[PDB]
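Worksheet for the structure shown next.
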Amino acid sequence: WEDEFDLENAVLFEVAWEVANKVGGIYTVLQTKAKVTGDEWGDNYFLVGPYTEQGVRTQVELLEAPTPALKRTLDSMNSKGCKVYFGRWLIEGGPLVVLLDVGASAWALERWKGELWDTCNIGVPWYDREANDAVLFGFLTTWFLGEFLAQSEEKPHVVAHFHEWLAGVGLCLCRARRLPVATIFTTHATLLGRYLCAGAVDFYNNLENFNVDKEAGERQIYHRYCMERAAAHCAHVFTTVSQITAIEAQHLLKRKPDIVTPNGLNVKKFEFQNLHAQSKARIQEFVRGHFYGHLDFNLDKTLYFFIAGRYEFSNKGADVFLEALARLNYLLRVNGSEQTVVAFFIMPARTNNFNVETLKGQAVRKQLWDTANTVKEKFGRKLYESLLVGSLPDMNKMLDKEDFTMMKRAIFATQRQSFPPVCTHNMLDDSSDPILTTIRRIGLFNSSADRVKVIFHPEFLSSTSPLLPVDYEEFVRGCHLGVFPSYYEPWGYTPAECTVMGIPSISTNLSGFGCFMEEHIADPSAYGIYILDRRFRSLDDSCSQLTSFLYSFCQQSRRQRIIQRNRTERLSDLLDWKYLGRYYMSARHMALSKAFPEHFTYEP
Amino acid sequence: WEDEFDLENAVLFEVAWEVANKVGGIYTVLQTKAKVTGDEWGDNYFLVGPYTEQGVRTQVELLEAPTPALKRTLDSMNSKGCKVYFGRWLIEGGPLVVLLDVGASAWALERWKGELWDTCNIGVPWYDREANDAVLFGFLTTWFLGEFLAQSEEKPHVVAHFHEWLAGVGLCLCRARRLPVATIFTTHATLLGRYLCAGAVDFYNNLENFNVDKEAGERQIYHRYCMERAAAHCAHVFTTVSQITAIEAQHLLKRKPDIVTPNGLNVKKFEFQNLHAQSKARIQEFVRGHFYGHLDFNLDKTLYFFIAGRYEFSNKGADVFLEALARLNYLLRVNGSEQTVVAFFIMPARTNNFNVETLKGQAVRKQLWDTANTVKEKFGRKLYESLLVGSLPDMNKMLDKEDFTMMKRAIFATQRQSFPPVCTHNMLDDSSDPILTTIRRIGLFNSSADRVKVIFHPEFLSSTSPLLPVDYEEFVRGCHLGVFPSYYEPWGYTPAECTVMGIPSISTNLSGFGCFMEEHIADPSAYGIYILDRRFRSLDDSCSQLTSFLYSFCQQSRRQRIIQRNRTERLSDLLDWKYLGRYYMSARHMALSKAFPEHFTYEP
Amino acid sequence: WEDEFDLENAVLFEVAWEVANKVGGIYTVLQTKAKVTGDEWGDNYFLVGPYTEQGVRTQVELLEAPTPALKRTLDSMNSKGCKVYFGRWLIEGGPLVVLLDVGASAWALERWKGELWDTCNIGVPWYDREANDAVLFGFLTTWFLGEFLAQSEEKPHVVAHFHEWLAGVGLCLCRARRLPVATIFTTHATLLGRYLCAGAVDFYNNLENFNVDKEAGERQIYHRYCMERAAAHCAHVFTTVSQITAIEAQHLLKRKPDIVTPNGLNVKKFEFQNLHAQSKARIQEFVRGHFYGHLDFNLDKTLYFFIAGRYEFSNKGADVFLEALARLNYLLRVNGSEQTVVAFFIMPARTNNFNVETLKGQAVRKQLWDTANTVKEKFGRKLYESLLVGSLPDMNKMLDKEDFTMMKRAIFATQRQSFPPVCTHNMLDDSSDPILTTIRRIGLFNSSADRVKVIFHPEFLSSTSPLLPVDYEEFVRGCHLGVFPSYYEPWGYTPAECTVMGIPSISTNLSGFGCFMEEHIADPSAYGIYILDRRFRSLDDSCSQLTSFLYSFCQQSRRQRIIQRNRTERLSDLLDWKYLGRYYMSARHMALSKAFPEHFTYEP
């Protein structure tokens with residue numbers, strides 16, 4: 001937005017446990033949003049966070065505060081028993097960060113807990129180190145805000161935006177001390193949602209039939225749920241990153257969010273068919289190496305699907321992907337479609353080292369490539385010489401005995417009897433792995449009859465990997481489709497990165513990204529976004545619909561595939577922070593309107 | 001040298017008509033020597049020169065003088081009827097230049113000529129614009145030096161180093177006004193030598209049987225010879241760039257030089273074996289294009305000789321090179337040596353445009369190369385596919401009809417009946433050209449029987465030439481030998497640049513570079529320098545000796561050629577200004593000793 | 001089409017004067033159509049043509065005929081006073097060609113002319129060498145067809161397809177001898193159309209008010225018009241390459257064509273954004289060099305328009321383009337649009353050599369580039385060293401005096417007072433040139449105020465040009481729009497090449513390509529084809545509409561431009577011979593149906 005709003009003396013503090021502390025996905029959200037928030041708030045934008053030795057040592061450049069009230073606040077809090085650091089976060093925008101050492105202020109924790117009893121009726125056990133750190137951080141942030149307001153010679157308007165429950169407890173203290181502060185609360189994932197969905201008792205179907213206190217007591221996380229509910233209740237403005245998480249919060253936290261604030265990216269034109277062509281060539285080389293001695297299928301009609309992210313079988317919907325892969329294999333075999341589908345499972349697991357067959361295949365492909373280049377280069381040299389002489393070359397003589405010997409060596413190298421391995425690594429738990437168990441149960445063994453090959457790479461893609469020396473971005477740029485049929489995904493960063501890079505993707509309406517693109521696009525499938533109806537269908541229906549999506553993608557010609565991909569690169573403008581920051585702007589404006597109705601007015 | 005000498009208040013002015021005015025080879029000498037002279041004289045180093053609009057507009061950054069005496073001098077001379085600029089020459093070292101507008105001070109020329117009559121007994125005609133400009137420049141320089149000495153609150157020691165006769169009239173005037181200045185005179189070429197050698201009356205044999213005044217009167221350059229002789233006689237120190245020019249000056253200028261100051265280069269590692277390989281490949285491609293339809297000789301045993309420089313047939317010894325080429329062709333044919341020698345004559349002449357045969361040959365080679373690459377790439381693709389399948393490839397089938405069609409088109413392109421042209425351009429004067437006349441007289445028509453091919457490129461090598469888009473340096477890096485059998489060459493810059501770039505070369509003892517390498521090397525031929533004995537041999541004997549040199553080079557194996565080239569690349573340390581500036585240092589020290597014997601003492 | 005038709009014994013002869021004889025644009029049509037015609041007719045496809053020494057020597061591989069009737073025909077015609085060559089044309093498909101030496105059969109011309117009087121009432125003057133060659137070629141082709149039918153042991157069905165009036169006299173003779181042959185006539189341009197449009201008397205407006213015989217008599221081409229009209233009248237099937245030329249033929253040749261057979265291309269994926277980016281970068285470099293010292297405009301908002309083809313001012317509509325450029329310059333200036341438009345006029349003319357300003361600009365840009373790379377490389381080296389040490393670099397010290405000196409030299413090089421030249425060459429006729437006259441009349445002098453710069457390159461783009469070493473292909477790949485507002489263009493090969501390459505283009509409804517795209521596309525402007533209404537508008541209205549088209553293109557954003565370019569890249573499937581050969585197939589089928597109604601039936 002380009003709204004005309006008053007922020008002359010207003011100051012914004014964005015409180016989050018992940019400021020200069022990468023312990024989740026909110027770190028990238030804050031890092032990317034810092035630029036667009038700075039371009040609007042100037043030097044009145046601060047990032048409260050926790051003090052970590054590693055984070056400061058690698059990311060924070062300690063500075064001297066720029067306003068006298070800020071020096072007075074830091075000095076008072078440092079001489080009153082705490083240790084507070086002021087610095088600049090070495091990211092785009094270089095926002096000023098106010099880091100707090102929670103451990104150095106632990107000596108008051110017990111007394112502070114008493115305060116938490118006297119205002120909020122919230123108690124925390126001693127053994128919850130994470131919750132005790134959250135309590136310390138919240139008290140430190142509230143004390144910082146109060147001291148900053150006290151030391152200001154002219155009292156400004158403070159907007160405190162707390163992210164998640166870890167940073168949210170201070171919000172309660174901001175409301176229990178009548179501080180003139182506009183408090184916003186953002187939940188990037190409801191706390192009980194992960195545990196309830198992990199129970200596999202139809203989390204989304206029974207959202208209105210849950211006993212939240214009973215479930216928390218079963219999980220022994222009642223204090224955490226209570227403090228997040230208190231943060232959501234107390235906040236002036238309650239926002240969420242998605243509509244599905246908004247429903248989760250309405251039914252679990254018992255408050256309907258005021259705005260939904262989707263996560264964005266700093267899209268930077270990461271061309272599009274040049275990078276795709278090069279990456280597809282590299283993926284083709286890897287597939288040639290892996291399937292050496294079994295390359296009986298056309299590689300010009302091979303489609304590369306992929307799924308990535310954290311290795312959560314049920315949550316990421318990898319079982320649905322595998323079942324749909326088996327059904328699509330049957331569909332391709334019965335219909336006689338000469339299409340081949342190579343499905344990559346890039347999901348890190350506990351692995352020992354690289355498989356022997358996979359390394360041997362890569363070495364065999366390298367040897368074949370070297371042999372082909374050597375023979376081709378000397379053939380071209382002899383051909384050029386013959387053409388210069390003016391004679392039509394005789395191919396019965398342009399191969400000397402050395403070429404035949406080395407080609408025979410290559411042919412003997414390619415000889416192989418076993419089938420290509422499903423997994424490229426040695427899994428420490430072959431029996432305990434859900435992906436390998438499902439693959440061997442459904443029958444995808446990379447045989448010649450199978451039209452669907454499966455490659456499970458249980459490690460992060462790196463340029464230092466001997467197998468496939470390309471990182472995640474270059475690898476997935478050369479894939480045709482990304483399938484993310486997730487069940488519990490509050491926003492979904494892998495599908496969003498896939499869409500920003502221009503790859504058509506399959507998401508669900510149970511993910512935040514899927515809901516976002518469903519509500520922002522008239523016909524998502526035209527643009528390359530396929531949304532599964534996982535919220536109103538049984539899992540069998542979800543697998544059938546995913547199979548239909550995959551078969552429809554396979555039945556597309558090259559022309560339709562290219563057109564759809566082009567629409568997908570069009571789509572990336574929706575996911576930037578330039579467009580998606582207006583939701584945060586609106587949330588801050590409602591917070592200012594609610595906390596200071598006399599000075600600020602908001603028109604929704 | 002690292003001599004301990006006093007230059008605390010001494011100032012050096014290097015007077016030369018070529019300062020910021022490229023009208024000869026002394027321009028590069030001054031430009032390259034400026035750095036090493038600055039690294040010794042600091043800010044007390046100045047470069048007097050003439051004012052040209054182009055030279056100032058592209059090379060001189062006008063500045064404000066750094067010493068009060070210098071401002072006073074410039075202001076007095078500008079307010080006393082002249083127009084003088086002070087600037088910085090935009091070269092390495094950034095020396096300060098004192099440019100003088102000779103035309104703006106022409107109003108005094110007549111009166112100034114009277115002064116030249118009252119002190120030096122030298123008269124100049126009105127029609128000699130060059131000599132009148134020299135007189136104006138000399139009077140301006142003398143006035144500048146006198147005013148600079150007058151305005152100095154503390155009188156310094158001035159060393160004025162004049163180059164060539166154009167700047168020497170200033171030396172004559174400085175000596176005729178008892179100015180406290182140490183004057184050095186350097187002649188880069190004796191004035192009568194060019195005319196006497198152009199007469200072809202055995203210039204070097206009759207050096208002691210010349211009437212200098214009579215020859216000058218015949219050439220009507222008596223005033224120029226008189227003023228150069230006066231400059232040489234008046235100078236405190238007389239130097240020369242070579243020993244052969246030193247003999248010329250001893251017999252013509254009637255004064256033996258005190259020191260010989262060879263020209264140096266700013267050698268910068270321009271071990272020349274990657275560059276040699278690449279440039280040799282490019283030259284091989286050019287020779288393939290030029291001789292298309294006649295490539296019946298082994299290109300792996302082809303030796304590339306070259307001669308370059310100004311197009312002076314007798315002076316540069318191109319006739320000797322051509323006669324030796326004919327004799328070497330006979331030797332190679334009689335001895336049955338399968339060696340081929342391609343001799344390049346890079347000597348600019350008056351030409352219209354590129355020859356049609358040469359352009360057609362380059363286009364034919366490009367088409368053959370494109371055809372070969374296309375067939376080679378698809379052959380390599382099919383070969384890689386066949387190897388991946390695991391089958392021994394069949395060359396009877398990997399060539400489709402398209403490849404046969406395009407190779408047949410290439411074969412029809414290469415068809416040719418005429419012989420390759422000797423010259424790559426269309427000469428406006430075919431009859432008047434000495435090189436083409438000599439080639440057609442001796443019988444080098446690039447026929448199949450001839451072992452010596454001749455390519456005459458009458459234009460400067462540039463990267464914008466469609467034929468051979470490589471400049472002079474890259475072209476001659478890929479040549480095996482450079483032949484410079486010059487007759488009148490005071491120093492010789494082409495052989496010196498050839499040696500700096502590591503190419504073995506043939507020079508003579510009538511050139512300054514040849515004398516330098518002869519006296520600095522125990523066995524020059526071991527290092528790749530072949531010195532013709534052109535001073536004590538008849539021209540037939542010179543041609544026989546050059547033929548022996550060329551045949552000995554041809555008879556060398558690849559091993560001996562590589563070893564000799566390595567030694568030549570060692571040799572380049574002798575030609576740097578780091579070593580060769582000590583001669584100029586010595587000359588300046590003798591000038592200081594002679595002009596100021598009380599303050600300076602010199603030990604030779 | 002995939003029609004089920006009988007061609008078991010049918011043989012096709014495609015008679016054209018341009019077979020292995022490049023004297024027009026029909027040569028490329030036949031060369032590209034040979035493949036798709038062979039893929040349907042097998043070895044029963046022949047290409048009659050004229051014998052040329054150059055064409056045979058570079059393109060035709062003489063063979064031995066494959067059918068006994070063909071040997072008997074060749075032997076009889078060679079022993080009966082003619083000389084006939086049988087060969088293979090070295091193109092895709094390698095079609096068999098029957099070349100005829102028209103000169104060697106000139107001895108019968110007089111008698112043959114008598115035959116032309118006895119059957120067709122057509123006379124030809126002696127001075128028309130082209131028409132006499134046409135008569136000889138037609139008689140030779142008719143004799144060849146008759147002898148081929150006679151020597152066939154089993155009489156086949158012959159389909160003779162004659163192209164243009166040069167080959168049509170053979171059609172007239174074939175129809176006058178009752179030969180069992182199905183004759184098709186294709187006109188790629190009506191004969192009187194060029195002369196009538198060159199008269200500028202509203203050729204298209206007065207199509208129904210022409211006296212064809214009177215106009216031919218005025219132009220003294222009555223015999224040629226008569227013979228083309230006879231060929232069109234006699235043919236079983238009359239086809240044309242366009243609907244506009246079909247109207248021309250209906251009103252001039254007095255016969256409505258049966259089918260319109262558009263010209264096609266062998267589209268081969270010649271993606272389209274990597275090439276566009278690289279070519280745009282090279283065009284930007286050229287524009288930087290040309291406008292050195294005047295680069296006061298944003299080059300990121302510069303749009304590259306171009307017009308190419310034969311240098312016909314009125315026919316190619318270059319005057320309309322220039323007037324619209326002036327109007328668009330006014331529109332951009334008044335509206336303050338910071339867009340700049342560089343219009344290239346790639347139209348060969350009679351020029352001496354390259355302009356001095358243009359060469360100087362290219363050299364200046366090269367020097368600036370070299371300076372920037374040198375400074376950048378040493379800066380990066382020093383920066384890497386400083387970062388490795390662990391210190392933040394000081395930019396006040398990373399530039400040594402050498403860098404400042406060489407940057408000052410670059411700055412002095414860029415200094416310029418004059419404006420960039422409009423033409424890059426030296427025109428031998430500055431006064432007689434219509435383009436330069438129009439440019440100086442309308443006021444496009446590449447001044448700073450002008451938003452439209454004009455660069456006139458009167459020479460074919462080749463990689464050997466020192467200015468812009470890129471061919472026409474790669475140069476126009478990097479342009480944004482091609483403007484071809486032609487008045488008389490029977491098909492239009494430049495717009496078709498432009499569209500195949502993926503560039504949006506402006507054509508007219510008076511060109512064949514424009515009519516083709518108009519009738520094959522619902523909204524042409526969406527796909528990047530802008531069709532001027534030059535047939536029903538006055539020239540002022542045409543200029544206004546072209547100005548509107550250009551301004552609408554300028555007002556497009558980058559997103560809309562990219563989308564439109566993607567649609568244009570889609571469009572290229574319409575212009576291939578795979579789709580456009582079905583029109584020729586239909587024409588041949590109607591010819592077979594008409595000539596042999598008992599054996600062949602056609603359903604339109």
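Quick note on naming: the chains in the structure tokens go A, B, ... in the order shown, residues restart at 1 in each chain, and ligands are numbered from 1 in order of appearance.
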key: Contacts of residue C:497 at 10 Å (only C-alpha atoms; same-chain gap of 3+ positions) as a PyMOL selection string   = chain C and resi 264-265+267+473+476+492-494+500-503+572+575
request  = Give the residues of chain A that lie within 9 Å of chain B; count only C-alpha atoms, and format the answer as a ChimeraX atom specification.
outcome  = /A:288,292-296,365,368-369,371-373,375-377,379-381,383-384,387-393,395-396,399,404,407-408,410-415
Restricting it to N, CA, C and O atoms, dump the selection as a compact mmCIF listing (two decimals), in the first residue's frame.
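After the write, again_6.txt holds the following:
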```txt
# COMPACT_ATOMS: atom_id res chain seq x y z
N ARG A 288 21.30 -40.75 -15.89
CA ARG A 288 22.08 -41.65 -16.73
C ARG A 288 23.08 -42.44 -15.91
O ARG A 288 23.25 -43.65 -16.12
N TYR A 292 22.65 -46.78 -15.05
CA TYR A 292 23.55 -47.34 -16.05
C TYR A 292 23.33 -48.84 -16.19
O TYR A 292 23.15 -49.56 -15.20
N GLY A 293 23.32 -49.31 -17.43
CA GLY A 293 22.95 -50.68 -17.71
C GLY A 293 21.46 -50.93 -17.72
O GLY A 293 21.04 -52.06 -17.98
N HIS A 294 20.65 -49.90 -17.46
CA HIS A 294 19.20 -50.02 -17.46
C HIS A 294 18.54 -48.86 -18.19
O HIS A 294 17.36 -48.58 -17.96
N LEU A 295 19.27 -48.17 -19.06
CA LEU A 295 18.76 -46.98 -19.75
C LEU A 295 17.98 -47.39 -21.00
O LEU A 295 18.29 -47.00 -22.13
N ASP A 296 16.93 -48.17 -20.78
CA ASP A 296 16.11 -48.69 -21.86
C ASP A 296 14.93 -47.79 -22.19
O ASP A 296 14.11 -48.15 -23.05
N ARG A 365 29.28 -43.35 -15.52
CA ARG A 365 28.85 -42.28 -16.41
C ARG A 365 29.99 -41.33 -16.73
O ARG A 365 30.13 -40.87 -17.87
N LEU A 368 32.19 -43.09 -19.30
CA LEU A 368 31.55 -43.06 -20.62
C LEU A 368 31.63 -41.68 -21.25
O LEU A 368 31.90 -41.56 -22.45
N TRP A 369 31.38 -40.64 -20.46
CA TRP A 369 31.47 -39.28 -20.98
C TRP A 369 32.88 -38.96 -21.46
O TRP A 369 33.06 -38.40 -22.54
N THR A 371 35.22 -41.07 -22.43
CA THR A 371 35.49 -41.85 -23.64
C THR A 371 34.82 -41.22 -24.85
O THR A 371 35.43 -41.09 -25.92
N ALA A 372 33.55 -40.83 -24.70
CA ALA A 372 32.83 -40.23 -25.81
C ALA A 372 33.47 -38.93 -26.25
O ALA A 372 33.61 -38.68 -27.45
N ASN A 373 33.87 -38.08 -25.30
CA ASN A 373 34.53 -36.83 -25.67
C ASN A 373 35.85 -37.09 -26.37
O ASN A 373 36.17 -36.41 -27.35
N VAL A 375 36.88 -39.77 -28.15
CA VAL A 375 36.65 -40.29 -29.50
C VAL A 375 36.06 -39.21 -30.39
O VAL A 375 36.44 -39.07 -31.55
N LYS A 376 35.12 -38.42 -29.86
CA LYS A 376 34.50 -37.36 -30.64
C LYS A 376 35.51 -36.30 -31.06
O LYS A 376 35.48 -35.83 -32.20
N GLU A 377 36.41 -35.92 -30.15
CA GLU A 377 37.39 -34.89 -30.48
C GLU A 377 38.37 -35.38 -31.53
O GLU A 377 38.67 -34.64 -32.49
N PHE A 379 37.83 -37.76 -33.71
CA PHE A 379 37.05 -37.91 -34.93
C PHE A 379 36.84 -36.56 -35.61
O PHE A 379 36.94 -36.46 -36.83
N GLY A 380 36.53 -35.52 -34.84
CA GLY A 380 36.35 -34.21 -35.42
C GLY A 380 37.63 -33.66 -36.01
O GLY A 380 37.62 -33.01 -37.06
N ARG A 381 38.76 -33.91 -35.34
CA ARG A 381 40.06 -33.50 -35.88
C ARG A 381 40.34 -34.19 -37.22
O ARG A 381 40.70 -33.53 -38.20
N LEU A 383 38.15 -35.56 -39.22
CA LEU A 383 37.14 -35.12 -40.18
C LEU A 383 37.49 -33.76 -40.76
O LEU A 383 37.36 -33.55 -41.97
N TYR A 384 37.93 -32.83 -39.92
CA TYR A 384 38.35 -31.52 -40.40
C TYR A 384 39.53 -31.65 -41.35
O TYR A 384 39.56 -31.00 -42.40
N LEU A 387 38.24 -33.06 -44.68
CA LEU A 387 37.50 -32.05 -45.43
C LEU A 387 38.43 -31.01 -46.03
O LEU A 387 38.21 -30.55 -47.15
N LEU A 388 39.46 -30.61 -45.28
CA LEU A 388 40.43 -29.65 -45.80
C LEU A 388 41.19 -30.22 -46.99
O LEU A 388 41.46 -29.50 -47.96
N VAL A 389 41.54 -31.51 -46.93
CA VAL A 389 42.16 -32.15 -48.09
C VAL A 389 41.20 -32.17 -49.27
O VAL A 389 41.60 -32.02 -50.43
N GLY A 390 39.91 -32.37 -48.99
CA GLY A 390 38.91 -32.35 -50.04
C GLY A 390 38.37 -33.72 -50.37
O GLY A 390 37.98 -33.99 -51.50
N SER A 391 38.33 -34.60 -49.37
CA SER A 391 37.91 -35.98 -49.55
C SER A 391 36.78 -36.31 -48.60
O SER A 391 36.75 -35.84 -47.46
N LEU A 392 35.84 -37.11 -49.08
CA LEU A 392 34.77 -37.59 -48.21
C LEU A 392 35.34 -38.63 -47.26
O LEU A 392 35.88 -39.64 -47.71
N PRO A 393 35.26 -38.42 -45.95
CA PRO A 393 35.94 -39.31 -45.01
C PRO A 393 35.33 -40.71 -45.00
O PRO A 393 34.14 -40.89 -45.22
N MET A 395 34.46 -43.66 -42.64
CA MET A 395 34.26 -43.96 -41.23
C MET A 395 34.69 -45.37 -40.85
O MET A 395 34.82 -45.66 -39.66
N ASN A 396 34.94 -46.24 -41.83
CA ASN A 396 35.52 -47.54 -41.52
C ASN A 396 36.98 -47.44 -41.11
O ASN A 396 37.54 -48.44 -40.65
N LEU A 399 38.30 -44.68 -37.00
CA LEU A 399 38.47 -45.23 -35.66
C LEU A 399 39.68 -46.16 -35.67
O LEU A 399 39.64 -47.23 -36.27
N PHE A 404 38.56 -48.31 -30.45
CA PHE A 404 37.80 -49.53 -30.23
C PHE A 404 38.10 -50.12 -28.86
O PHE A 404 37.18 -50.59 -28.17
N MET A 407 36.36 -47.86 -26.21
CA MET A 407 34.91 -48.04 -26.25
C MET A 407 34.51 -49.41 -25.71
O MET A 407 33.47 -49.53 -25.05
N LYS A 408 35.29 -50.45 -25.99
CA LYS A 408 35.01 -51.76 -25.40
C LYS A 408 35.13 -51.72 -23.89
O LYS A 408 34.35 -52.35 -23.17
N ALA A 410 34.51 -49.09 -22.06
CA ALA A 410 33.29 -48.42 -21.63
C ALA A 410 32.10 -49.38 -21.62
O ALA A 410 31.31 -49.41 -20.67
N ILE A 411 31.96 -50.17 -22.69
CA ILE A 411 30.86 -51.12 -22.79
C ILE A 411 30.91 -52.14 -21.65
O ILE A 411 29.89 -52.49 -21.07
N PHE A 412 32.11 -52.63 -21.33
CA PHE A 412 32.25 -53.55 -20.21
C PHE A 412 31.95 -52.86 -18.89
O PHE A 412 31.45 -53.51 -17.96
N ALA A 413 32.25 -51.57 -18.78
CA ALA A 413 31.89 -50.83 -17.57
C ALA A 413 30.38 -50.76 -17.39
O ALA A 413 29.88 -50.91 -16.27
N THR A 414 29.64 -50.54 -18.47
CA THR A 414 28.19 -50.38 -18.35
C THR A 414 27.46 -51.68 -18.02
O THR A 414 26.26 -51.62 -17.71
N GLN A 415 28.12 -52.83 -18.09
CA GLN A 415 27.44 -54.09 -17.84
C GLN A 415 26.96 -54.16 -16.40
O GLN A 415 27.71 -53.86 -15.46
```
request  = Tell me which protein, DNA and RNA residues are within 12 Å of stretch 334-341 of chain B, counting only C-alpha atoms, leaving out same-chain ones fewer than 6 positions away, and put them as number ranges by chain.
outcome  = B: 287, 295-306, 325-328, 444, 446-455, 479-481, 550-551, 553-557
inquiry  = Would you pick out the contacts of residue A:570 at 9 Å or less, using only C-alpha atoms, so that residues sharing its chain but fewer than 5 positions from it are not included, and give the list as a list in words?
reply    =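 Within the cut-off, the hits are residues 502, 527 and 565 of chain A; 559 and 563 of chain C.
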How would the residues just picked look written out with N, CA and C atoms as a JSON list (two decimals), in the first residue's frame?
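part_11.json was written with the following content:
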```json
[["chain", "number", "residue", "atom", "x", "y", "z"],
["A", 502, "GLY", "N", 9.67, -20.56, -10.50],
["A", 502, "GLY", "CA", 8.98, -20.76, -11.75],
["A", 502, "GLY", "C", 8.55, -22.18, -12.05],
["A", 527, "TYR", "N", -2.09, -21.75, -14.24],
["A", 527, "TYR", "CA", -0.82, -21.14, -13.91],
["A", 527, "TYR", "C", 0.21, -22.13, -13.40],
["A", 565, "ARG", "N", 4.30, -23.33, -17.68],
["A", 565, "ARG", "CA", 5.48, -22.88, -16.96],
["A", 565, "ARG", "C", 5.63, -21.37, -17.04],
["C", 559, "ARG", "N", 6.37, -6.50, -18.16],
["C", 559, "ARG", "CA", 5.57, -7.71, -18.01],
["C", 559, "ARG", "C", 4.74, -7.98, -19.27],
["C", 563, "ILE", "N", 5.07, -11.10, -21.96],
["C", 563, "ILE", "CA", 3.94, -11.97, -22.28],
["C", 563, "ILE", "C", 3.69, -11.99, -23.79]]
```
message = Neighbouring residues of stretch 71-79 of chain B were defined as those with any atom within 9 Å, considering only C-alpha atoms; residues of the same chain fewer than 5 positions away were excluded. Please report them as a ChimeraX atom specification.
response = /B:64-66,84-86,143-145,147-152
